[PDB]
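For the sequence shown, the entry's author numbering assigns the number 1 to the initial residue and increments by one for each residue that follows.
Notes follow the structure.
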Amino acid sequence: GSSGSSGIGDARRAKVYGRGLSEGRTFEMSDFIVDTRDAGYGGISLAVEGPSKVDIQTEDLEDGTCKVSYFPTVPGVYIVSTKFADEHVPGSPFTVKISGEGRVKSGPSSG
């Protein structure tokens, strides 16, 4: 059997990359990958604190990593509390600045 002895890891080893870790936008599904296979084992705690409540969907991928997904409804600063085995990843918390309407640019050049 696979399950057995405790394989606790180290957050410092856990890696996080994607789009919902740096920037983001309102009413836009922003998820990211969480590399834990390189760290080891342990319980992962996720908590987003922003200007409003946002759903959080997680799932175990084939690679062994976890992909978090959320849907912001209000623009502001969403604090993504990423923890692993009772240890915050090397760089947390994750301050994700969400931008509302007003695309980066519309078209200052006719055509």
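Here a beta-carbon is modelled for each residue, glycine too, at the ideal position from N, C-alpha and C.
Close-in-space but distant-in-sequence residues of the same chain around residue i (CB under 6 Å, 5 per side omitted)
i: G102; result: none
i: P72; result: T26, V54, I98
i: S92; result: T82
i: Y41; result: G7, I8, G9
Short Cβ contact (8 Å threshold) for residue i with residue j
i: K53; j: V77; result: no
i: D35; j: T82; result: no
i: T58; j: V68; result: yes
Residue i - containing beta strand (DSSP E), residue span
i: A47; result: 44 to 49
i: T82; result: 77 to 84
i: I98; result: 94 to 99
i: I33; result: 30 to 35
Exposure label - residue i; buried when at least 16 CB within 10 Å
i: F27; result: exposed
i: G20; result: buried
i: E62; result: exposed
Cβ shell of residue i (< 7 Å), same chain only, five flanking positions each side left out
i: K15; result: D35, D38
i: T95; result: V77, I79
beta-carbon residue i near the ligand FMN non-hydrogen atom, thresh 7 Å
i: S6; result: Looking for the ligand FMN in the displayed structure turns up nothing, as the structure carries no ligands at all.
For residue i: DSSP bridge partner residues
i: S69; result: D31, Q57
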